[PDB]
>>> print(open('input12.cif').read())   # mmCIF, C-alpha atoms
data_coords
loop_
_atom_site.label_atom_id
_atom_site.label_comp_id
_atom_site.auth_asym_id
_atom_site.auth_seq_id
_atom_site.Cartn_x
_atom_site.Cartn_y
_atom_site.Cartn_z
CA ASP N 405 0.00 0.00 0.00
CA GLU N 406 3.04 2.32 0.05
CA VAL N 407 4.35 1.77 -3.49
CA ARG N 408 1.71 4.32 -4.53
CA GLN N 409 3.40 7.07 -2.50
CA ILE N 410 6.82 6.47 -4.09
CA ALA N 411 6.57 9.05 -6.89
CA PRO N 412 7.90 12.59 -7.47
CA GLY N 413 5.36 14.98 -5.98
CA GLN N 414 3.40 12.85 -3.50
CA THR N 415 2.92 13.04 0.27
CA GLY N 416 2.31 10.41 2.93
CA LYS N 417 4.06 8.83 5.89
CA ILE N 418 6.89 7.05 4.03
CA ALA N 419 7.69 9.25 1.02
CA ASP N 420 8.18 12.23 3.36
CA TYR N 421 9.94 10.41 6.23
CA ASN N 422 12.19 7.73 4.71
CA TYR N 423 13.08 8.80 1.15
CA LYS N 424 11.99 12.15 -0.28
CA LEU N 425 11.67 12.16 -4.07
CA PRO N 426 12.67 15.53 -5.59
CA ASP N 427 10.88 17.18 -8.49
CA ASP N 428 13.87 16.65 -10.81
CA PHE N 429 13.85 12.88 -10.29
CA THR N 430 15.10 11.12 -13.44
CA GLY N 431 15.65 7.68 -11.90
CA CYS N 432 13.76 4.43 -12.40
CA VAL N 433 11.89 2.36 -9.81
CA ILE N 434 11.69 -1.43 -10.13
CA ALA N 435 9.44 -3.42 -7.79
CA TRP N 436 8.37 -7.06 -7.66
CA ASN N 437 6.97 -9.62 -5.23
CA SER N 438 9.31 -12.03 -3.42
CA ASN N 439 7.10 -12.92 -0.45
CA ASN N 440 8.21 -16.57 -0.48
CA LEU N 441 11.68 -15.65 0.84
CA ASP N 442 11.53 -12.48 2.97
CA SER N 443 8.38 -13.45 4.93
CA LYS N 444 7.93 -16.48 7.18
CA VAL N 445 5.32 -17.90 9.54
CA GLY N 446 5.32 -16.75 13.15
CA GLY N 447 5.45 -13.05 12.30
CA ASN N 448 8.28 -11.53 10.27
CA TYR N 449 9.42 -8.53 12.32
CA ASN N 450 13.07 -8.24 11.25
CA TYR N 451 12.09 -5.30 9.01
CA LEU N 452 11.54 -1.99 10.81
CA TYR N 453 10.30 1.36 9.53
CA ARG N 454 10.09 4.95 10.74
CA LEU N 455 6.46 6.06 11.01
CA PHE N 456 7.17 8.77 13.61
CA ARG N 457 9.54 11.53 12.49
CA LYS N 458 10.02 15.13 13.62
CA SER N 459 9.66 17.35 10.53
CA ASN N 460 10.80 15.80 7.21
CA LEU N 461 13.78 14.26 5.41
CA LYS N 462 15.93 16.02 2.81
CA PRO N 463 16.20 14.44 -0.67
CA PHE N 464 18.97 11.84 -1.07
CA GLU N 465 19.60 11.75 2.69
CA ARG N 466 19.51 8.93 5.24
CA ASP N 467 18.37 9.30 8.86
CA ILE N 468 19.25 6.64 11.45
CA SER N 469 18.43 8.58 14.61
CA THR N 470 16.95 6.40 17.36
CA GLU N 471 16.10 9.27 19.73
CA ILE N 472 12.59 9.19 21.19
CA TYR N 473 10.49 11.82 19.43
CA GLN N 474 8.83 14.44 21.64
CA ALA N 475 5.29 15.61 20.85
CA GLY N 476 4.69 18.19 23.58
CA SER N 477 7.39 19.76 25.73
CA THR N 478 7.58 17.43 28.75
CA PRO N 479 10.82 15.41 28.55
CA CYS N 480 10.70 11.67 29.12
CA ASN N 481 14.44 10.91 29.63
CA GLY N 482 14.10 7.91 27.32
CA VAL N 483 11.33 5.90 28.99
CA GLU N 484 7.92 4.63 27.85
CA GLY N 485 6.10 7.42 29.68
CA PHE N 486 3.60 10.08 28.63
CA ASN N 487 3.56 12.50 25.66
CA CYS N 488 6.31 10.61 23.82
CA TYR N 489 6.72 7.46 21.75
CA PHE N 490 9.60 5.51 20.24
CA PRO N 491 9.79 6.54 16.57
CA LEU N 492 10.58 3.22 14.84
CA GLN N 493 7.75 0.74 14.31
CA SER N 494 7.65 -2.91 13.26
CA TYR N 495 6.11 -4.17 10.03
CA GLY N 496 3.20 -6.56 9.63
CA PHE N 497 4.57 -8.89 6.97
CA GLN N 498 2.90 -12.29 6.65
CA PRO N 499 3.20 -14.95 3.91
CA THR N 500 -0.60 -15.42 3.94
CA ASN N 501 -1.35 -11.77 3.15
CA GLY N 502 -3.26 -10.40 0.17
CA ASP E 405 5.01 37.39 29.29
CA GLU E 406 1.33 36.42 28.85
CA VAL E 407 -0.27 38.65 31.50
CA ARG E 408 -0.11 41.38 28.84
CA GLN E 409 -2.51 39.47 26.57
CA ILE E 410 -5.13 39.01 29.34
CA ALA E 411 -7.18 42.10 28.50
CA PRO E 412 -10.46 42.76 26.64
CA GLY E 413 -9.63 43.28 22.99
CA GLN E 414 -6.21 41.63 22.59
CA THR E 415 -4.96 38.72 20.50
CA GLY E 416 -2.20 36.17 20.99
CA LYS E 417 -1.84 32.45 21.61
CA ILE E 418 -3.35 32.20 25.12
CA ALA E 419 -6.16 34.78 25.11
CA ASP E 420 -7.58 33.22 21.92
CA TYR E 421 -6.97 29.50 22.54
CA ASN E 422 -7.55 29.10 26.30
CA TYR E 423 -9.79 31.91 27.61
CA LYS E 424 -11.40 34.55 25.40
CA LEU E 425 -12.18 37.90 27.02
CA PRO E 426 -15.38 39.51 25.67
CA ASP E 427 -15.79 43.20 24.96
CA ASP E 428 -18.36 43.61 27.77
CA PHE E 429 -15.93 42.37 30.41
CA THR E 430 -16.62 44.00 33.79
CA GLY E 431 -14.54 41.67 35.97
CA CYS E 432 -11.30 42.30 37.84
CA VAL E 433 -7.96 40.55 37.35
CA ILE E 434 -5.64 39.99 40.33
CA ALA E 435 -2.14 38.60 39.76
CA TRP E 436 0.87 38.13 42.02
CA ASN E 437 4.13 36.18 42.19
CA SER E 438 4.33 32.98 44.24
CA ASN E 439 7.31 31.34 42.53
CA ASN E 440 8.66 29.95 45.83
CA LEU E 441 5.86 27.35 46.08
CA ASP E 442 4.62 26.32 42.62
CA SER E 443 8.11 25.85 41.12
CA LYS E 444 11.06 23.64 42.02
CA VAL E 445 14.57 22.83 40.86
CA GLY E 446 15.11 20.26 38.13
CA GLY E 447 12.21 21.46 35.99
CA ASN E 448 8.59 21.91 37.08
CA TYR E 449 6.40 20.57 34.25
CA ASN E 450 3.18 19.87 36.18
CA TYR E 451 1.35 22.78 34.51
CA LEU E 452 -0.08 22.50 30.99
CA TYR E 453 -1.27 24.92 28.32
CA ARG E 454 -2.69 24.78 24.80
CA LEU E 455 -0.96 26.01 21.65
CA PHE E 456 -3.10 24.78 18.73
CA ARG E 457 -6.84 25.09 18.10
CA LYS E 458 -9.00 24.44 15.06
CA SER E 459 -10.90 27.75 15.22
CA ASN E 460 -12.09 30.46 17.59
CA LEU E 461 -13.87 29.65 20.85
CA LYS E 462 -16.76 31.32 22.64
CA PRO E 463 -15.93 33.42 25.72
CA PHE E 464 -16.44 31.82 29.15
CA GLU E 465 -16.00 28.36 27.61
CA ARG E 466 -13.51 25.67 28.65
CA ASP E 467 -11.93 23.23 26.18
CA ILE E 468 -10.40 19.99 27.48
CA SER E 469 -10.06 18.14 24.17
CA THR E 470 -6.88 16.05 23.91
CA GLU E 471 -7.33 15.19 20.22
CA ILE E 472 -4.31 15.71 17.98
CA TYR E 473 -4.70 18.87 15.90
CA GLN E 474 -4.65 18.29 12.14
CA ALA E 475 -2.93 20.93 10.01
CA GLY E 476 -3.69 19.46 6.58
CA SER E 477 -5.78 16.76 4.91
CA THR E 478 -3.85 13.56 5.71
CA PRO E 479 -5.19 11.77 8.81
CA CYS E 480 -2.73 10.45 11.38
CA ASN E 481 -4.99 7.98 13.28
CA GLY E 482 -3.92 9.68 16.51
CA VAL E 483 -0.13 9.27 16.27
CA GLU E 484 2.87 11.60 16.17
CA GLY E 485 3.21 11.21 12.41
CA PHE E 486 3.06 13.79 9.62
CA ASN E 487 1.06 17.02 9.23
CA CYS E 488 -0.33 16.84 12.78
CA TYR E 489 0.84 18.01 16.20
CA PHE E 490 -0.23 17.65 19.81
CA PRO E 491 -2.02 20.83 20.97
CA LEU E 492 -1.13 20.42 24.64
CA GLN E 493 2.21 21.81 25.83
CA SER E 494 3.94 22.00 29.20
CA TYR E 495 5.38 25.14 30.74
CA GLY E 496 9.02 26.08 31.29
CA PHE E 497 8.79 27.22 34.90
CA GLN E 498 12.02 27.54 36.89
CA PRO E 499 12.69 29.08 40.33
CA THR E 500 15.84 30.79 38.98
CA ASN E 501 13.97 32.67 36.24
CA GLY E 502 13.83 36.43 35.76
#
>>> encode(input="input12.cif", output="structure tokens")
Amino acid sequence: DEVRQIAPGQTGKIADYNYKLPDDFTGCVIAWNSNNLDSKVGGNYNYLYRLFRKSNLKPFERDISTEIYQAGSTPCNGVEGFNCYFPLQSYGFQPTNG
Amino acid sequence: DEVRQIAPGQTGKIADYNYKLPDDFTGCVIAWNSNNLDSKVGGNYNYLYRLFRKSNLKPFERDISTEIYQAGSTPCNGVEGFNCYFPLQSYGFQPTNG
């Protein structure tokens, strides 16, 4: 459901937070299904993604910051408290998906 | 710095988002400093205030909504994602302030 957002000039939660496509994008995108190898029974959670991110991500840049994002202004000192959440999230891959 | 905005006929971020003063305001405002009791070292963040609101609010009305304010058209499903921010913010009180 996120291959739609990978295009020059589109918004979302992945195209703006993991890889920003500039307007002058002359590259090619190749995608295919290989669900028989990268997904197993029991819940495949080795792949992580960044759904929470502060502002944006510059084109052709990589962000690997694991700092807990702050929503309000109360600091959490890196715990699972209130008004903060850990930015990386796990996928929901399953070999019996649609 | 926000006692200035508490007056009938003034704008800002507190007098328009927390308590609106009508034109026919005949009440009295009493303010004083008690920083030796409501503040402590290490950061006193027990007091909250609102920064974002969808629109104007009626005078003498209290808003306690904790819903995440949406700035655009992409829903967030109540997370700290993109194009949305938490309206509630904590103060920066300190006993060693000016």
>>> closest_residue(input="input12.cif", among="E:422, E:448, E:409, E:481", to="residue 500 of chain E", atoms="all atoms listed in the file")
E:448
>>> atom_distance(input="input12.cif", atom1="atom CA of residue 441 of chain E", atom2="atom CA of residue 453 of chain E")
19.3 Å
>>> resolve_selection(input="input12.cif", expression="the PyMOL selection byres ((chain E) within 8 of (chain N))", output="ChimeraX atom specification")
/E:449,478,483-486,489-495
>>> resolve_selection(input="input12.cif", expression="the PyMOL selection byres ((chain E and resi 410-413) around 6)", output="list in words")
residues 407, 408, 409, 414, 425, 426 and 427 of chain E
>>> closest_residue(input="input12.cif", among="E:470, E:440, E:406, E:429", to="residue 482 of chain E", atoms="all atoms listed in the file")
E:470
>>> residues_around(input="input12.cif", residues="residue 466 of chain N", least_positions_apart="2", cutoff="10 Å", atoms="only C-alpha atoms", output="number ranges by chain")
N: 421-424, 461-464, 468-469
>>> atom_distance(input="input12.cif", atom1="atom CA of residue 498 of chain N", atom2="atom CA of residue 445 of chain N")
6.8 Å
>>> atom_distance(input="input12.cif", atom1="atom CA of residue 432 of chain E", atom2="atom CA of residue 497 of chain E")
25.3 Å
